Every structure is written in C-alpha cells, then in structure tokens.
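To start, the structure under review is shown below, and the notes come after it.
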Amino acid sequence: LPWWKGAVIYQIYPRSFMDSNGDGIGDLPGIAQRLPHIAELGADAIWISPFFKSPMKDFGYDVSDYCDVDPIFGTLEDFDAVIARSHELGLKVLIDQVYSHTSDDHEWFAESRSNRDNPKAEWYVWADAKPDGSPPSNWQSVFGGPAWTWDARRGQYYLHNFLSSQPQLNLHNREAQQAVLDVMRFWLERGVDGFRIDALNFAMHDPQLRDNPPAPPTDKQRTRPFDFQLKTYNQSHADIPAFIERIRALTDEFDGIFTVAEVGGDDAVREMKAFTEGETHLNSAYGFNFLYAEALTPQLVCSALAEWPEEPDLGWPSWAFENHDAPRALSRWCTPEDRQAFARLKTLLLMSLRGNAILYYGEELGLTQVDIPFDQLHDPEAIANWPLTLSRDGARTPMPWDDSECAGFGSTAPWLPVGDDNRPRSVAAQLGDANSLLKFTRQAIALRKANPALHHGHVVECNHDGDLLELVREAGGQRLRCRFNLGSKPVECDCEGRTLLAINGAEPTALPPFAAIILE
C-alpha cells in the first residue's frame, strides 16, 4: 500500500503555471500561491519540471547547476516554501532529475572540455574525428542534425543525444554516477518525496561507438536524420539498470520516496520493466504510447495495458496522454464539435487505467494546442526541422486562472500566448460552470480514489471491438466493468450491475457518441 501506487500526479511546467512578479514567466512564489488549486483537485502529488539554474536552450532541461534554482524562477528559499506549503496541503512533491546530460555551461563540462587529462576528462563522451574530419559515428540528434559537435579546446567531438548545448554525460564513469547520486541526495535532504527521472534510457551509450542501422520504412514521414536510423548504440546500454539500483538504494535511505522514469523510443516496454523490476529499481515509468498517438483507439489502450501484467516482480506503469513534449491531446484526438464530450471520456479513461495518472497542467480545463508561427518559435527543434516539428511550444501556454486581461497568469506580455480558445476555459470560469471539465476531473479523481478496483485493481479483461473499449478491473472484493465509446457511432452493449458513473448519456445497455459508464 505505498502512497504512490494508484496516485494522480499533476505535472507543473513552472514557466507557464503562475508569473508572480510580472516579467512574463512563471516562478516558484507563483506556484506556492496556486498550490491549493491542485490540492482541491485531489491530486496526490505535484511533479515540478526543471527549475534549476539553466541557459534555457531546452527551457530548463539543459542544467548548469544541479543544486540551485534559476533566477528566472526565484531562489532556493522559494523552493523550500513550495515544499512546506504543499506538505501543509497534504501534497507530495516530485521534482524533475536530468541525468543523461548537462548544459554546455555546467561547471563539469567547462572542466571536461578544457583538455584531455583533467579530472573530468571522462565525465562526458569524447572521441577523435575520423581521419577525414567526419564525426566518430553516424548518430543523429533527437532535435535535428548530428549527435556530435566539434570542440577545438580538445581537438575532439563530444556526444549530445539532444541539443549541442546538452552534452551527454558519460554515466559509464563511476565518478559521474557518484556525482549525480550526490545531487539526488541534496534534493532528498530538502524534503522532496521523489523524482521524475528525465529520458532515463539515454543515460548510457555504446562505448564501441558502433553506427546505428537504417530504420525500416514505418511510413510516418521522416522529419529529421534521427528518424532514418534505429537507436541501437547511441543509448539504451545494458548497464543502465545497475545504475538505477544505486538510485533505489539511495531513495530507500529516506521515507516514502517515489521514482518515475521517462522512457523514450518505440523500443520502449523492455527498458521500462528492466527500469522498474522488483523493489531494486525505480517504482514507475511512462512511455510515449499516448504522447505520440494520432488517435485514441481501444486497440491502442489494450495494446498499452497488455504490456504490464500483474506478475509479482513487474513495475507499476505511469500514463501520460499529453505533457510539455507533445501537442495538447484534444487537438490530436477529436474535432471541435466532439471536444466537450471527448474531454470527459478521455479524463475518465485516464483515471480508469491500471497505473498512475500523469495529469499535465491545463488538462483538467481541456486546454487546446495553440498554433505557434515560425517567427514566434522558442523550441530550437522546431526551427531546425520545420515544418515537421514536435510542436512542444504550443503545448506550453500560460495556465489561465481567471478571464482578466492577463487571464491571471500575471503578465499582459507572457512568454507564450494564452490562446483565444483557452481564455474562456479559465479556472475561475470553470468554478462558476457546474458542468465544467474542472468539476468533472475532480469527480473522476474522487471516483478513482474511493474505488479500489479503479485505484489499483487488476486488469482481468481488456476487450476491443471497433470504437468500443471495455476494461474489467478487480480488487478488494470489487469488480468493475468500464465501457468506453471512443467513436461518434452509438454502440449497444448485457450488464446486470450498478452504475458508479455514466457520462455523455451512457446507459447500462447503450453508449451514444463518446459515452462511457462504470458498472459495479
């Protein structure tokens, strides 16, 4: 019965939650003021995306000091206040930990790149050019172009799976391993309740520097060099789990800690279970099954869930429909016509999946993707790979609190725009509206919490037939039948039970368009 098993986690993007000093950017005092929103929602924890000292090339995921707060967001004083307010509200607090790379402006890299003999020479991945000047391997950056960059300081290439500004850490190096573990300890000694571990399968590359093989044609249009090749050797080294053991060993030194890993790629499930196996690795992990899905299908849900059987040493999966890395799901999965009814099907479904619900800021209000022009881009990835981008900027818009000029974000000049379609969806307006998605999400969260078959139950059946999904889950004497219509065709279901919840005119025997019902 660990607190995290069955939790809902509300992910905060601190640049766009609440700007408490009027510069156009969210900040930690902003988050402190707004925390009651999350509490009243009934989320068990917050996960704060990176707020550490950073040049902000990957907007905080390029860390230059692992143990301080960036001036953009306030101070270490302000982080201790978010922890204390959260705990007073009964919220657990998770922070992002970014261990596959640092900024190029990090003190470790400034030492590493200085020459070939320094104590940190080997904390990053250095290799000579080919005799013709070429890079040491054919590896390609996640964000466009190659995964290696020249440094004349050393007369060598250095590896970066992401921007040239995010040189890959060499976690094969036990001194680097020890250093990032000591960073995690710093954060654990400040009362943090655990971690979201960034791109954990990028922690470790192949020391042999073998070329990646060509990718088969899964004819998703190829957007960038990275899409041409299987990520065989640039990442996913067999030794990552041994490193994760030292993490769990470290978190076991403190009370009631939760770890969840982000795990990228289509090679996904094998490293997720390896990263979460038994009680020696991480608690949980999430992948991109929903983040990169064009459509929400029953077959995609029964595919995803089938990967995580209740076997005795298997991990506990986490689910993310949307976050800062993928367009707002309502802009992917449904027409404007269908949006209102779909938003509640989707929210109820997230709460009915076996695993943890990763709710992203704005998801409880039904915020839509804001289209960001090429002139107005921030994400380097998009400028490089236009028009075939990851569309992350439009996912990162300021949280709308009221219907004021600044929508209560704290700035008539925010760093990204609110979006005309998100302005009417503000938390204030939704607190006045009795059928609001804010009020529905509360209800979905309360129904998961109070029902042990939703909260944690086994998936005893997952049945898919065209647009109909049925989840049969079960725990503590309870057996629930969860029926979902992911389609605009009224579908006819043989129940013989009690309706816990019915939406969009769902009945025990019939499901109109985008209707769902939980039967006990």
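FYI, nothing fancy with the structure tokens labels: chains A, B, ... in order, residues from 1 per chain, ligands from 1 as they appear.
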Near residue 346 (chain A), counting only C-alpha atoms, which residues have an atom at most 10 Å away, once you skip same-chain residues fewer than 5 positions from it, shown as number ranges by chain? A: 296, 321, 329-330, 333, 341, 351-352, 484, 486, 514, 516
Kindly assemble as a tab-separated table a list of the region 263-317 of chain A residues that lie within 12 Å of region 184-199 of chain A, each paired with its nearest atom pair and their distance in Å to one decimal, using only C-alpha atoms, sorted first by chain and then by ascending residue number.
residue	atom	partner	partner_atom	distance
A:263	CA	A:199	CA	5.4
A:264	CA	A:199	CA	6.3
A:265	CA	A:199	CA	9.8
A:268	CA	A:199	CA	11.5
A:271	CA	A:199	CA	11.3
A:272	CA	A:199	CA	11.2
A:275	CA	A:197	CA	10.9
A:282	CA	A:197	CA	9.3
A:283	CA	A:195	CA	10.1
A:284	CA	A:196	CA	9.3
A:285	CA	A:196	CA	8.7
A:286	CA	A:196	CA	9.8
A:287	CA	A:199	CA	9.7
A:288	CA	A:199	CA	11.3
Sorted by chain and rising residue number, list the residues of region 270-373 of chain A at most 10 Å from region 7-15 of chain A (counting only C-alpha atoms), each with its closest atom pair and distance in Å to one decimal, as a Markdown table.
| residue | atom | partner | partner_atom | distance |
| --- | --- | --- | --- | --- |
| A:318 | CA | A:7 | CA | 9.4 |
| A:319 | CA | A:8 | CA | 9.8 |
| A:320 | CA | A:11 | CA | 10.0 |
| A:323 | CA | A:11 | CA | 7.9 |
| A:324 | CA | A:13 | CA | 7.4 |
| A:350 | CA | A:8 | CA | 9.7 |
| A:351 | CA | A:8 | CA | 8.2 |
| A:355 | CA | A:7 | CA | 8.0 |
| A:356 | CA | A:7 | CA | 5.3 |
| A:357 | CA | A:8 | CA | 4.6 |
| A:358 | CA | A:9 | CA | 5.0 |
| A:359 | CA | A:10 | CA | 4.7 |
| A:360 | CA | A:11 | CA | 4.7 |
| A:361 | CA | A:12 | CA | 5.7 |
| A:362 | CA | A:12 | CA | 9.4 |
| A:363 | CA | A:10 | CA | 9.3 |
| A:364 | CA | A:10 | CA | 9.7 |
Please, what distance in Å, to one decimal, runs between CA of residue 274 (chain A) and CA of residue 354 (chain A)? 18.9 Å
Region 192-331 of chain A: residues DSSP assigns to strand (DSSP E), reported as a PyMOL selection string: chain A and resi 194-197+258-262+284-286+316-319
Could the residues in this selection be saved with N, CA and C atoms as a PDB file, in the first residue's frame?
ATOM      1  N   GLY A 194      10.228  12.509  -4.015  1.00  0.00           N
ATOM      2  CA  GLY A 194      10.725  11.618  -5.071  1.00  0.00           C
ATOM      3  C   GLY A 194      10.961  12.332  -6.370  1.00  0.00           C
ATOM      4  N   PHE A 195      11.018  11.587  -7.468  1.00  0.00           N
ATOM      5  CA  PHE A 195      11.588  12.137  -8.715  1.00  0.00           C
ATOM      6  C   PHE A 195      10.859  11.635  -9.956  1.00  0.00           C
ATOM      7  N   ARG A 196      10.758  12.550 -10.912  1.00  0.00           N
ATOM      8  CA  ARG A 196      10.611  12.200 -12.341  1.00  0.00           C
ATOM      9  C   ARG A 196      12.014  12.211 -12.929  1.00  0.00           C
ATOM     10  N   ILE A 197      12.492  11.061 -13.376  1.00  0.00           N
ATOM     11  CA  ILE A 197      13.865  10.916 -13.929  1.00  0.00           C
ATOM     12  C   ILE A 197      13.783  11.105 -15.447  1.00  0.00           C
ATOM     13  N   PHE A 258       9.082   8.193  -4.088  1.00  0.00           N
ATOM     14  CA  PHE A 258       8.549   7.660  -5.366  1.00  0.00           C
ATOM     15  C   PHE A 258       9.490   8.082  -6.485  1.00  0.00           C
ATOM     16  N   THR A 259       9.837   7.148  -7.361  1.00  0.00           N
ATOM     17  CA  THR A 259      10.576   7.482  -8.603  1.00  0.00           C
ATOM     18  C   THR A 259       9.753   7.055  -9.814  1.00  0.00           C
ATOM     19  N   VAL A 260       9.632   7.937 -10.804  1.00  0.00           N
ATOM     20  CA  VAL A 260       9.119   7.543 -12.146  1.00  0.00           C
ATOM     21  C   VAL A 260      10.117   7.991 -13.218  1.00  0.00           C
ATOM     22  N   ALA A 261      10.447   7.102 -14.145  1.00  0.00           N
ATOM     23  CA  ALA A 261      11.326   7.420 -15.300  1.00  0.00           C
ATOM     24  C   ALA A 261      10.503   7.756 -16.546  1.00  0.00           C
ATOM     25  N   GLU A 262      10.911   8.809 -17.259  1.00  0.00           N
ATOM     26  CA  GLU A 262      10.553   8.978 -18.686  1.00  0.00           C
ATOM     27  C   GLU A 262      11.412   7.981 -19.467  1.00  0.00           C
ATOM     28  N   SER A 284       8.192   3.424 -10.934  1.00  0.00           N
ATOM     29  CA  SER A 284       7.299   3.560 -12.112  1.00  0.00           C
ATOM     30  C   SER A 284       8.061   4.094 -13.323  1.00  0.00           C
ATOM     31  N   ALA A 285       7.412   4.039 -14.481  1.00  0.00           N
ATOM     32  CA  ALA A 285       7.921   4.649 -15.725  1.00  0.00           C
ATOM     33  C   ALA A 285       6.758   4.940 -16.660  1.00  0.00           C
ATOM     34  N   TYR A 286       6.937   5.913 -17.538  1.00  0.00           N
ATOM     35  CA  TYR A 286       5.971   6.197 -18.620  1.00  0.00           C
ATOM     36  C   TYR A 286       6.702   6.235 -19.968  1.00  0.00           C
ATOM     37  N   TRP A 316       5.134  -0.836 -11.976  1.00  0.00           N
ATOM     38  CA  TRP A 316       3.818  -0.161 -11.986  1.00  0.00           C
ATOM     39  C   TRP A 316       3.878   0.947 -13.021  1.00  0.00           C
ATOM     40  N   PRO A 317       3.124   0.857 -14.140  1.00  0.00           N
ATOM     41  CA  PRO A 317       3.242   1.839 -15.210  1.00  0.00           C
ATOM     42  C   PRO A 317       2.601   3.177 -14.838  1.00  0.00           C
ATOM     43  N   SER A 318       3.109   4.255 -15.429  1.00  0.00           N
ATOM     44  CA  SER A 318       2.509   5.612 -15.362  1.00  0.00           C
ATOM     45  C   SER A 318       2.014   5.992 -16.757  1.00  0.00           C
ATOM     46  N   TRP A 319       0.908   6.739 -16.812  1.00  0.00           N
ATOM     47  CA  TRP A 319       0.235   7.112 -18.081  1.00  0.00           C
ATOM     48  C   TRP A 319       0.198   8.622 -18.245  1.00  0.00           C
TER      49      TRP A 319
END
Determine, counting only C-alpha atoms, which protein, DNA and RNA residues have an atom within 10 Å of an atom of residue 367 (chain A); residues of the same chain fewer than 3 positions away are not included. Present the result as a ChimeraX atom specification. /A:328-331,343,361-364,370,395,397,399-400,418-419,421-426
